[PDB]
>>> print(open('coords_8.cif').read())   # mmCIF, C-alpha atoms and all ligand atoms
data_query
#
loop_
_atom_site.label_atom_id
_atom_site.label_comp_id
_atom_site.auth_asym_id
_atom_site.auth_seq_id
_atom_site.Cartn_x
_atom_site.Cartn_y
_atom_site.Cartn_z
CA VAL A 1 -110.45 -30.06 149.99
CA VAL A 2 -111.92 -33.24 151.44
CA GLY A 3 -113.36 -32.98 154.95
CA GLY A 4 -112.99 -29.19 154.95
CA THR A 5 -115.09 -26.32 156.26
CA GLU A 6 -115.99 -22.98 154.69
CA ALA A 7 -113.30 -20.32 155.14
CA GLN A 8 -114.28 -16.80 156.18
CA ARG A 9 -114.38 -14.25 153.35
CA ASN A 10 -111.19 -12.51 154.48
CA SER A 11 -109.11 -15.21 156.17
CA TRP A 12 -106.76 -16.03 153.29
CA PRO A 13 -106.53 -12.97 151.04
CA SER A 14 -103.44 -14.16 149.15
CA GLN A 15 -105.34 -17.13 147.71
CA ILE A 16 -106.16 -16.83 144.00
CA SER A 17 -108.17 -18.83 141.47
CA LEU A 18 -106.45 -19.92 138.26
CA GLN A 19 -108.92 -20.32 135.39
CA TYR A 20 -108.75 -21.11 131.68
CA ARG A 21 -111.06 -20.09 128.84
CA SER A 22 -113.55 -22.72 127.67
CA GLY A 23 -115.75 -21.72 124.74
CA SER A 24 -117.24 -18.45 126.00
CA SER A 25 -116.66 -19.02 129.71
CA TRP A 26 -113.79 -19.59 132.14
CA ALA A 27 -113.29 -22.72 134.25
CA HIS A 28 -111.47 -22.94 137.57
CA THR A 29 -108.58 -25.41 137.34
CA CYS A 30 -106.02 -24.59 140.03
CA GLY A 31 -105.17 -22.43 143.03
CA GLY A 32 -102.14 -20.15 143.48
CA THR A 33 -100.64 -17.47 145.74
CA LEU A 34 -100.26 -13.75 145.09
CA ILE A 35 -96.65 -12.91 145.97
CA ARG A 36 -96.38 -9.59 144.13
CA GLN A 37 -98.85 -6.99 142.86
CA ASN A 38 -98.14 -8.53 139.45
CA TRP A 39 -96.81 -12.03 140.22
CA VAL A 40 -98.43 -15.35 141.16
CA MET A 41 -96.97 -18.63 142.49
CA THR A 42 -98.59 -21.94 141.51
CA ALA A 43 -97.79 -25.51 140.40
CA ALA A 44 -95.94 -26.28 137.17
CA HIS A 45 -98.29 -29.15 136.33
CA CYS A 46 -101.17 -26.65 136.47
CA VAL A 47 -99.90 -24.93 133.32
CA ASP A 48 -98.65 -27.88 131.28
CA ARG A 49 -101.63 -27.38 128.96
CA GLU A 50 -101.30 -24.55 126.44
CA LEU A 51 -104.57 -22.84 127.36
CA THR A 52 -105.62 -19.22 127.79
CA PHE A 53 -105.25 -18.39 131.49
CA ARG A 54 -106.67 -15.64 133.69
CA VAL A 55 -106.19 -14.86 137.39
CA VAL A 56 -108.95 -13.89 139.81
CA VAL A 57 -108.09 -12.22 143.11
CA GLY A 58 -110.54 -11.37 145.89
CA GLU A 59 -112.59 -14.44 144.96
CA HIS A 60 -114.74 -16.34 147.45
CA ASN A 61 -117.67 -17.89 145.58
CA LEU A 62 -116.87 -19.20 142.11
CA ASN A 63 -120.35 -18.89 140.63
CA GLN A 64 -121.65 -15.73 142.30
CA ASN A 65 -120.66 -12.06 142.33
CA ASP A 66 -118.85 -11.27 145.59
CA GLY A 67 -118.34 -7.60 144.76
CA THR A 68 -114.62 -7.81 145.48
CA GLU A 69 -113.21 -9.64 142.46
CA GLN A 70 -110.39 -8.40 140.26
CA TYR A 71 -109.74 -10.11 136.93
CA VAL A 72 -106.31 -9.93 135.31
CA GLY A 73 -104.73 -11.74 132.38
CA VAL A 74 -101.53 -13.77 132.46
CA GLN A 75 -98.83 -12.22 130.30
CA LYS A 76 -95.87 -14.53 130.89
CA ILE A 77 -95.39 -17.98 132.42
CA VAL A 78 -92.10 -19.09 133.98
CA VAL A 79 -91.93 -22.76 134.97
CA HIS A 80 -89.07 -24.34 136.89
CA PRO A 81 -86.47 -25.42 134.32
CA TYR A 82 -86.12 -28.81 136.04
CA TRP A 83 -89.83 -29.70 135.93
CA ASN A 84 -90.82 -32.86 134.07
CA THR A 85 -94.50 -33.56 133.35
CA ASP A 86 -93.79 -37.30 133.27
CA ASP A 87 -92.25 -37.23 136.74
CA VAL A 88 -93.98 -35.20 139.46
CA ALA A 89 -92.48 -37.51 142.07
CA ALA A 90 -89.15 -35.99 141.03
CA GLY A 91 -90.25 -32.58 142.34
CA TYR A 92 -89.82 -29.05 140.98
CA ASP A 93 -93.59 -28.69 140.66
CA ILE A 94 -93.56 -24.88 140.77
CA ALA A 95 -94.22 -21.96 138.43
CA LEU A 96 -94.48 -18.16 138.47
CA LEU A 97 -97.00 -16.06 136.52
CA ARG A 98 -96.62 -12.42 135.52
CA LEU A 99 -99.93 -10.56 135.29
CA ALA A 100 -100.79 -8.11 132.50
CA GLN A 101 -101.78 -5.55 135.12
CA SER A 102 -100.82 -4.83 138.73
CA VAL A 103 -103.71 -5.60 141.08
CA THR A 104 -105.09 -3.30 143.80
CA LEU A 105 -104.36 -4.32 147.38
CA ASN A 106 -107.07 -4.31 150.06
CA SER A 107 -108.65 -6.45 152.78
CA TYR A 108 -109.51 -9.19 150.29
CA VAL A 109 -106.31 -8.98 148.26
CA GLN A 110 -102.91 -9.23 149.97
CA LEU A 111 -99.44 -10.65 149.31
CA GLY A 112 -98.59 -14.07 150.74
CA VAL A 113 -95.67 -14.30 153.17
CA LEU A 114 -92.83 -16.64 152.16
CA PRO A 115 -90.61 -18.52 154.62
CA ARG A 116 -86.86 -17.96 154.82
CA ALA A 117 -84.60 -20.16 152.70
CA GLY A 118 -83.92 -23.65 154.03
CA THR A 119 -86.61 -23.55 156.72
CA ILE A 120 -87.89 -26.98 157.80
CA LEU A 121 -90.96 -27.61 159.98
CA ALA A 122 -91.13 -29.88 163.03
CA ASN A 123 -93.26 -33.03 162.91
CA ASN A 124 -96.94 -32.32 163.60
CA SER A 125 -96.75 -28.57 162.95
CA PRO A 126 -100.11 -26.80 162.62
CA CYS A 127 -100.99 -25.99 159.00
CA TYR A 128 -104.10 -25.30 156.89
CA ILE A 129 -104.80 -26.15 153.25
CA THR A 130 -107.23 -23.98 151.27
CA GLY A 131 -108.89 -24.43 147.88
CA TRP A 132 -111.96 -24.80 145.66
CA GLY A 133 -111.04 -28.39 144.77
CA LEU A 134 -113.06 -31.62 144.83
CA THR A 135 -114.80 -32.12 148.17
CA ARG A 136 -114.88 -35.88 147.62
CA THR A 137 -112.71 -38.40 145.81
CA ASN A 138 -114.20 -38.37 142.30
CA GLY A 139 -116.68 -35.80 143.60
CA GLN A 140 -117.32 -32.17 142.66
CA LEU A 141 -115.52 -28.83 142.93
CA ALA A 142 -116.61 -26.61 145.82
CA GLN A 143 -118.48 -23.33 145.28
CA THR A 144 -116.97 -21.46 148.23
CA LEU A 145 -113.35 -21.54 149.40
CA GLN A 146 -112.71 -24.45 151.78
CA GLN A 147 -110.11 -25.01 154.49
CA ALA A 148 -108.88 -28.06 156.39
CA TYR A 149 -106.52 -28.54 159.34
CA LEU A 150 -103.52 -30.47 158.03
CA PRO A 151 -100.57 -31.05 160.39
CA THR A 152 -97.18 -31.85 158.87
CA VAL A 153 -95.63 -35.30 158.75
CA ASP A 154 -91.85 -35.03 158.83
CA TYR A 155 -89.59 -36.40 156.13
CA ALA A 156 -88.36 -39.41 158.11
CA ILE A 157 -91.92 -40.54 158.82
CA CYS A 158 -93.42 -39.61 155.46
CA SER A 159 -90.64 -41.39 153.56
CA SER A 160 -91.08 -44.69 155.42
CA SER A 161 -92.48 -47.88 153.92
CA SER A 162 -95.96 -47.66 155.42
CA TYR A 163 -96.37 -44.14 154.03
CA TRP A 164 -95.15 -42.78 150.69
CA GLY A 165 -91.82 -44.61 150.64
CA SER A 166 -89.28 -43.33 148.12
CA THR A 167 -91.93 -41.38 146.22
CA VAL A 168 -91.50 -38.26 148.35
CA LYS A 169 -88.28 -36.22 148.53
CA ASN A 170 -86.74 -33.72 150.94
CA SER A 171 -87.78 -30.92 148.59
CA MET A 172 -91.40 -31.68 149.51
CA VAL A 173 -93.65 -31.24 152.54
CA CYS A 174 -96.09 -33.91 153.75
CA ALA A 175 -99.31 -33.07 155.61
CA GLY A 176 -102.37 -35.02 156.77
CA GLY A 177 -102.80 -38.75 156.17
CA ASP A 178 -105.63 -39.30 158.66
CA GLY A 179 -108.04 -40.90 156.18
CA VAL A 180 -110.59 -38.09 156.56
CA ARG A 181 -109.05 -34.73 155.65
CA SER A 182 -106.97 -33.99 152.56
CA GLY A 183 -106.25 -32.04 149.41
CA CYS A 184 -107.95 -33.20 146.20
CA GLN A 185 -108.02 -32.45 142.46
CA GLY A 186 -108.37 -28.73 141.73
CA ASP A 187 -106.55 -27.75 144.93
CA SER A 188 -103.15 -28.01 143.24
CA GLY A 189 -100.95 -24.93 143.04
CA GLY A 190 -102.62 -23.50 146.13
CA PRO A 191 -101.04 -22.67 149.49
CA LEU A 192 -100.35 -24.67 152.59
CA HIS A 193 -100.43 -22.04 155.33
CA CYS A 194 -98.39 -22.81 158.44
CA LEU A 195 -98.20 -20.87 161.70
CA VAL A 196 -94.63 -19.83 162.48
CA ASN A 197 -93.80 -17.26 165.18
CA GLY A 198 -97.38 -16.00 165.37
CA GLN A 199 -97.68 -15.37 161.64
CA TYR A 200 -99.14 -17.37 158.77
CA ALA A 201 -96.65 -18.05 155.98
CA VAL A 202 -97.00 -20.19 152.86
CA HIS A 203 -94.69 -23.19 153.25
CA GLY A 204 -96.13 -25.42 150.53
CA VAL A 205 -97.56 -25.61 147.01
CA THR A 206 -100.10 -28.42 146.62
CA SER A 207 -98.66 -31.03 144.27
CA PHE A 208 -100.29 -34.46 144.53
CA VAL A 209 -102.31 -37.11 146.35
CA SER A 210 -102.51 -40.91 146.10
CA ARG A 211 -103.89 -42.51 142.95
CA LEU A 212 -105.90 -44.67 145.35
CA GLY A 213 -107.91 -41.61 146.39
CA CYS A 214 -107.61 -38.17 147.96
CA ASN A 215 -108.23 -38.97 151.64
CA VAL A 216 -106.31 -42.22 152.23
CA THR A 217 -104.92 -43.34 155.61
CA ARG A 218 -101.13 -43.03 155.76
CA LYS A 219 -101.03 -41.25 152.40
CA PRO A 220 -100.65 -37.55 153.22
CA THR A 221 -101.16 -34.77 150.71
CA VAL A 222 -97.83 -33.81 149.15
CA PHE A 223 -96.65 -30.23 148.68
CA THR A 224 -93.74 -28.51 146.98
CA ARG A 225 -91.53 -27.06 149.74
CA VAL A 226 -91.44 -23.32 149.07
CA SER A 227 -88.48 -22.70 151.38
CA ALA A 228 -86.41 -24.76 148.95
CA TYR A 229 -86.99 -22.33 146.11
CA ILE A 230 -86.53 -18.83 147.53
CA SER A 231 -83.40 -18.01 145.51
CA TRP A 232 -85.01 -19.11 142.24
CA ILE A 233 -88.14 -17.08 142.93
CA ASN A 234 -86.17 -13.93 143.72
CA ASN A 235 -83.93 -14.45 140.67
CA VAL A 236 -86.95 -14.73 138.37
CA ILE A 237 -88.74 -11.60 139.58
CA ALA A 238 -85.62 -9.44 139.45
CA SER A 239 -84.94 -10.35 135.81
CA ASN A 240 -88.48 -10.22 134.41
CA CA B 1 -117.25 -14.69 142.85
XE XE B 2 -104.05 -32.69 144.46
#
>>> encode(input="coords_8.cif", output="structure tokens", more="lines below")
Ligand SMILES: [Ca+2]
Ligand SMILES: [Xe]
Amino acid sequence: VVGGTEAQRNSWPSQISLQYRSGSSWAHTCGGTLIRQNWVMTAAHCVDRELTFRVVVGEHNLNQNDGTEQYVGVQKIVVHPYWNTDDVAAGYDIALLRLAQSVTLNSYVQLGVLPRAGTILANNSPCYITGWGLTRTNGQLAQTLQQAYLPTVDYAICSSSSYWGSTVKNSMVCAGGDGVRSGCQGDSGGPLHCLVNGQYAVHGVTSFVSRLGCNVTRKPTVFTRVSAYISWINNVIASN
């Protein structure tokens, strides 16, 4: 999160940290959302690599004991059958993870709320992005969860020449583009929370930013549109 601020310890309890084993430690690599006691939603491109993955819930500071963490292994990975690592611009950047154990729900660990199928947001809707990702283009991961105010940019505007052009599709959400605030590497797979009818729901899965840099004027952060994938998500959980 570029141009973010520190989120309160209990503001976004469905946020998780996806980490892989490295030697004798684990490294953070991506965010995700807890959507079931034993199921996580994240980005497909986050699990392209055949690593050993674990999930941490109730996490706030990556390199210090918070006293609230729960650590669970990933037992099965289901990526969207249409996803293509050589073509993120094509969409379908979404995956579901089954955990080896069911986690315990509390004030720091809660299920994310999903929008209803087909739901589209108005231009300039109020949303927040959260994550432990790079705080600067080519910078460093953050230690504590960050948040940034990121209002949507509707399809007709985001798909115009001065913005992303044909690179973005209707199965994506655009947010930001102000040159100051944005997603960045290591935020991917995490939630975009949007306020709808007085409740925060997860409308997006962080997918990509411009190759020119994370916070670039007229190049909003691009998210997978969750509301496009509700049937698939339900179908997967009911059969696994
Ligand atoms: Ca910690
Ligand atoms: Xe990103």
>>> closest_residue(input="coords_8.cif", among="A:69, A:50, A:87, A:59", to="residue 145 of chain A", atoms="all atoms listed in the file")
A:59
>>> residues_around(input="coords_8.cif", residues="segment 112-114 of chain A", least_positions_apart="4", cutoff="10 Å", atoms="all atoms listed in the file", output="PyMOL selection string")
chain A and resi 12-15+33-36+40-41+191+193+199-204+226-227+230
>>> residues_near_ligand(input="coords_8.cif", ligand="ligand CA 1 (chain B)", cutoff="8 Å", atoms="all atoms listed in the file", output="list in words")
residues 59, 60, 61, 62, 63, 64, 65, 66, 67, 68 and 69 of chain A
>>> closest_residue(input="coords_8.cif", among="A:96, A:228, A:184, A:157", to="ligand XE 2 (chain B)", atoms="only C-alpha atoms and all ligand atoms")
A:184
>>> residues_around(input="coords_8.cif", residues="residue 174 of chain A", least_positions_apart="3", cutoff="6 Å", atoms="all atoms listed in the file", output="VMD selection string")
chain A and resid 152 to 153 220 to 222
>>> atom_distance(input="coords_8.cif", atom1="atom CA of residue 48 of chain A", atom2="atom CA of residue 85 of chain A")
7.3 Å
>>> residues_near_ligand(input="coords_8.cif", ligand="ligand XE 2 (chain B)", cutoff="6 Å", atoms="all atoms listed in the file", output="list in words")
residues 183, 184, 185, 187, 188, 207, 208 and 209 of chain A
>>> atom_distance(input="coords_8.cif", atom1="atom CA of residue 101 of chain A", atom2="atom CA of residue 240 of chain A")
14.1 Å
>>> residues_around(input="coords_8.cif", residues="residue 77 of chain A", least_positions_apart="2", cutoff="7 Å", atoms="all atoms listed in the file", output="list in words")
residues 79, 96, 97 and 98 of chain A
>>> residues_around(input="coords_8.cif", residues="residue 186 of chain A", least_positions_apart="4", cutoff="10 Å", atoms="only C-alpha atoms", output="PDB file with C-alpha atoms, keeping the file's coordinate frame")
ATOM      1  CA  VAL A   1    -110.450 -30.060 149.990  1.00  0.00           C
ATOM      2  CA  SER A  17    -108.170 -18.830 141.470  1.00  0.00           C
ATOM      3  CA  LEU A  18    -106.450 -19.920 138.260  1.00  0.00           C
ATOM      4  CA  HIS A  28    -111.470 -22.940 137.570  1.00  0.00           C
ATOM      5  CA  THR A  29    -108.580 -25.410 137.340  1.00  0.00           C
ATOM      6  CA  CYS A  30    -106.020 -24.590 140.030  1.00  0.00           C
ATOM      7  CA  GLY A  31    -105.170 -22.430 143.030  1.00  0.00           C
ATOM      8  CA  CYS A  46    -101.170 -26.650 136.470  1.00  0.00           C
ATOM      9  CA  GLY A 131    -108.890 -24.430 147.880  1.00  0.00           C
ATOM     10  CA  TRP A 132    -111.960 -24.800 145.660  1.00  0.00           C
ATOM     11  CA  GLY A 133    -111.040 -28.390 144.770  1.00  0.00           C
ATOM     12  CA  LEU A 134    -113.060 -31.620 144.830  1.00  0.00           C
ATOM     13  CA  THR A 135    -114.800 -32.120 148.170  1.00  0.00           C
ATOM     14  CA  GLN A 140    -117.320 -32.170 142.660  1.00  0.00           C
ATOM     15  CA  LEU A 141    -115.520 -28.830 142.930  1.00  0.00           C
ATOM     16  CA  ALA A 142    -116.610 -26.610 145.820  1.00  0.00           C
ATOM     17  CA  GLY A 190    -102.620 -23.500 146.130  1.00  0.00           C
ATOM     18  CA  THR A 206    -100.100 -28.420 146.620  1.00  0.00           C
TER      19      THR A 206
END
>>> atom_distance(input="coords_8.cif", atom1="atom CA of residue 139 of chain A", atom2="atom CA of residue 49 of chain A")
22.6 Å
>>> closest_residue(input="coords_8.cif", among="A:21, A:225, A:9, A:116", to="residue 171 of chain A", atoms="only C-alpha atoms")
A:225
>>> closest_residue(input="coords_8.cif", among="A:26, A:120, A:90, A:70", to="residue 166 of chain A", atoms="all atoms listed in the file")
A:90
>>> closest_residue(input="coords_8.cif", among="A:73, A:164, A:53, A:42", to="residue 211 of chain A", atoms="only C-alpha atoms")
A:164
>>> closest_residue(input="coords_8.cif", among="A:232, A:119, A:167, A:105", to="residue 82 of chain A", atoms="all atoms listed in the file")
A:232
>>> residues_near_point(input="coords_8.cif", point="(-107.2, -39.4, 158.4)", cutoff="8 Å", atoms="only C-alpha atoms", output="list in words")
residues 176, 177, 178, 179, 180, 181, 182, 215, 216, 217 and 218 of chain A
>>> residues_around(input="coords_8.cif", residues="residue 156 of chain A", least_positions_apart="4", cutoff="12 Å", atoms="all atoms listed in the file", output="tab-separated table (two decimals) with C-alpha atoms, in the frame of the given file")
chain	number	residue	atom	x	y	z
A	122	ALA	CA	-91.13	-29.88	163.03
A	123	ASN	CA	-93.26	-33.03	162.91
A	152	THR	CA	-97.18	-31.85	158.87
A	160	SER	CA	-91.08	-44.69	155.42
A	161	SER	CA	-92.48	-47.88	153.92
A	162	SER	CA	-95.96	-47.66	155.42
A	163	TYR	CA	-96.37	-44.14	154.03
A	164	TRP	CA	-95.15	-42.78	150.69
A	165	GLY	CA	-91.82	-44.61	150.64
A	166	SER	CA	-89.28	-43.33	148.12
A	168	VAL	CA	-91.50	-38.26	148.35
A	169	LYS	CA	-88.28	-36.22	148.53
A	170	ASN	CA	-86.74	-33.72	150.94
A	172	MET	CA	-91.40	-31.68	149.51
A	173	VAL	CA	-93.65	-31.24	152.54
A	174	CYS	CA	-96.09	-33.91	153.75
>>> build_atoms(input="coords_8.cif", residues="segment 168-181 of chain A", atoms="N, CA, C and O atoms", output="JSON list (two decimals), keeping the file's coordinate frame")
[["chain", "number", "residue", "atom", "x", "y", "z"],
["A", 168, "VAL", "N", -91.65, -39.65, 147.92],
["A", 168, "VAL", "CA", -91.50, -38.26, 148.35],
["A", 168, "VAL", "C", -90.03, -37.92, 148.58],
["A", 168, "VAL", "O", -89.24, -38.78, 148.97],
["A", 169, "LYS", "N", -89.66, -36.66, 148.32],
["A", 169, "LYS", "CA", -88.28, -36.22, 148.53],
["A", 169, "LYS", "C", -88.21, -35.10, 149.56],
["A", 169, "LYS", "O", -89.22, -34.61, 150.04],
["A", 170, "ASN", "N", -86.99, -34.71, 149.89],
["A", 170, "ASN", "CA", -86.74, -33.72, 150.94],
["A", 170, "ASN", "C", -87.13, -32.32, 150.49],
["A", 170, "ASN", "O", -87.26, -31.41, 151.30],
["A", 171, "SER", "N", -87.33, -32.17, 149.18],
["A", 171, "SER", "CA", -87.78, -30.92, 148.59],
["A", 171, "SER", "C", -89.30, -30.80, 148.59],
["A", 171, "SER", "O", -89.85, -29.93, 147.91],
["A", 172, "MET", "N", -89.95, -31.66, 149.35],
["A", 172, "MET", "CA", -91.40, -31.68, 149.51],
["A", 172, "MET", "C", -91.79, -31.63, 150.99],
["A", 172, "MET", "O", -90.99, -32.00, 151.85],
["A", 173, "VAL", "N", -93.01, -31.18, 151.24],
["A", 173, "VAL", "CA", -93.65, -31.24, 152.54],
["A", 173, "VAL", "C", -94.83, -32.20, 152.53],
["A", 173, "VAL", "O", -95.62, -32.19, 151.58],
["A", 174, "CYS", "N", -94.95, -33.02, 153.56],
["A", 174, "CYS", "CA", -96.09, -33.91, 153.75],
["A", 174, "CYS", "C", -97.03, -33.37, 154.82],
["A", 174, "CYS", "O", -96.58, -32.83, 155.83],
["A", 175, "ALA", "N", -98.34, -33.51, 154.61],
["A", 175, "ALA", "CA", -99.31, -33.07, 155.61],
["A", 175, "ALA", "C", -100.58, -33.91, 155.55],
["A", 175, "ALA", "O", -101.07, -34.24, 154.47],
["A", 176, "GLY", "N", -101.14, -34.26, 156.71],
["A", 176, "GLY", "CA", -102.37, -35.02, 156.77],
["A", 176, "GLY", "C", -102.15, -36.52, 156.90],
["A", 176, "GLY", "O", -101.29, -36.97, 157.65],
["A", 177, "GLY", "N", -102.93, -37.31, 156.17],
["A", 177, "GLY", "CA", -102.80, -38.75, 156.17],
["A", 177, "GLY", "C", -103.73, -39.46, 157.13],
["A", 177, "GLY", "O", -103.51, -40.64, 157.44],
["A", 178, "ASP", "N", -104.77, -38.78, 157.61],
["A", 178, "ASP", "CA", -105.63, -39.30, 158.66],
["A", 178, "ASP", "C", -106.82, -40.09, 158.13],
["A", 178, "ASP", "O", -107.61, -40.61, 158.92],
["A", 179, "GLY", "N", -106.96, -40.17, 156.81],
["A", 179, "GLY", "CA", -108.04, -40.90, 156.18],
["A", 179, "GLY", "C", -109.33, -40.11, 156.06],
["A", 179, "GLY", "O", -110.31, -40.60, 155.51],
["A", 180, "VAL", "N", -109.36, -38.87, 156.55],
["A", 180, "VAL", "CA", -110.59, -38.09, 156.56],
["A", 180, "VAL", "C", -110.43, -36.73, 155.89],
["A", 180, "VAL", "O", -111.30, -36.29, 155.14],
["A", 181, "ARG", "N", -109.32, -36.07, 156.18],
["A", 181, "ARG", "CA", -109.05, -34.73, 155.65],
["A", 181, "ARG", "C", -107.92, -34.76, 154.63],
["A", 181, "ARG", "O", -106.94, -35.49, 154.80]]
